[PDB]
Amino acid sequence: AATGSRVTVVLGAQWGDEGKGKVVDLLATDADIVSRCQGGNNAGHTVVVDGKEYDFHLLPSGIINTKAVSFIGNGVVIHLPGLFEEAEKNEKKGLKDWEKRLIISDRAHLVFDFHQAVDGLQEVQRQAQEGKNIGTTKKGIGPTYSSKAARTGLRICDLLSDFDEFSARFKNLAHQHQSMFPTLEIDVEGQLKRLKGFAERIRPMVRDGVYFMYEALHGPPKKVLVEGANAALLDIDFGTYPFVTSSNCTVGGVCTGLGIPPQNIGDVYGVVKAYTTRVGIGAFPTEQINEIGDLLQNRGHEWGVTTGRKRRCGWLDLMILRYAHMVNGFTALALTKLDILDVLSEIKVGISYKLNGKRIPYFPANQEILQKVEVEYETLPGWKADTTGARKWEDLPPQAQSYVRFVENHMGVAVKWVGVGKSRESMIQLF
């Protein structure tokens, strides 16, 4: 009553695609506000309600709940074209009146077309310049955040004020990018013209984000849900740098992205996949490039929704999870895709790393080290049974319950949800 209402947070605990869209969708059913705080459409969150499947990127996953307000915080980077393309793609799937329940923070930054093109150029250069790049989503997230830090970028509020001033600063930002890559095209007037349209198409949804969240956390009690993007080990500060995204996907990102103090943050849920996946380049200790990897990849559908690029798969890894927790302080976990392991006789789990026959004392800041470590595994018996229909703790067979406990025990955090299917109702609440 003194500090106001506290928000619930959902964050990825590994390298992304843990099932944030799913957990958020489940928790948004009775939420008054659902929001994104960092990242851009580099994120891809799948939701399955009824027989309908959605894949949001910029839209909060709660856009589905017509009785709730979806909010895009100041920490997010918005690419207007992608935003609308996404919305329409979903409008055709039944999404209606979204614009009436979507609010955009006027302090959020703009991803411009050249930011996306430059993202691609930087990757091609890194590839032909040293044999390997980052494995970026090519959405210009990195370039946009780079402009944000430089204070050269433009924001939502800039786009809605004097368009002439916006146009001038835009042109400068554009030319500055052609200095980095003189072959970059950039149809200044074309883009500039399209942007003018987006300004008016987006004007009625924009608002002051700070005042909006403050009012909501200190006005009559409200249920505010924060949908994280990307994941812990992809964090610009704490991830396997430089093979990371360019924002803080960890808990701190909720504060800096929505302008809310730590006391207004409550439950922080860590979405943990029963096994590990990585989309781009970089160290992956428990990576399984083999029969096992193909099975996880296959039974798990580990590939990009559009591009269809398959994701690297590997055994569960506790080193990254324990590390993720040290930074995020999860209050509970959502262990997902347990059903994928239904067919295994034995499941291995990475518990620690050894470099020179010696167990590293902690997760390496230098990603290059991880490439050299040897995983120390623990083999666990499989429950070899179909759990896709499990709806209660007791429904799960012995070996499966054991697997859940294994995770809680070695992370020191309790599992509150167990996923056994992509649809909303395919979950089990432990408490």
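All residue numbers refer to positions in the sequence shown, first residue = 1. Between two forms, the rigid core is defined as the largest C-alpha subset superposing within 1.5 Å.
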>> Out of 35-43 and 59-67, which one drifts farther from the shown form in 8 other deposited structures of this protein in terms of CA positions, with the fit done on the rigid core?
In response: 35-43
> Say the other structures are aligned on the rigid core; which stretch then has the higher CA RMS in 8 other deposited structures of this protein, 69-77 or 342-350?
Replying inline: 342-350
> Out of 8-16 and 21-29, which one has CA B-factors that are higher on average in the deposited record?
Replying inline: 21-29
> As stated in the PDB record, which stretch has the larger average Cα B-factor, 67-75 or 350-358?
Replying inline: 350-358
> So among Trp303, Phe238, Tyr145, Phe181, who wins on Cα B-factor in the entry?
Replying inline: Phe181
> Say you rank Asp106, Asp119, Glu227, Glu130 by Cα B-factor from the PDB entry; which sits at the top?
Replying inline: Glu130
> What third of its chain's C-alpha B-factors does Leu195 belong to: lowest, middle or highest?
Replying inline: highest
>> When the deposited Cα B-factors of this chain's modelled residues are ordered and cut into thirds, is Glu123 in the lowest, the middle or the highest one?
In response: highest
>> Per the entry's values, where does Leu318 land by CA temperature factor relative to the rest of its chain, in the lowest, middle or highest third?
In response: lowest
> What third of its chain, lowest, middle or highest, does the C-alpha temperature factor of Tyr275 fall into?
Replying inline: lowest
>> Based on the deposited C-alpha B factors for this chain, I'd like to know if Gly39 is in the lowest, middle or highest third.
In response: lowest
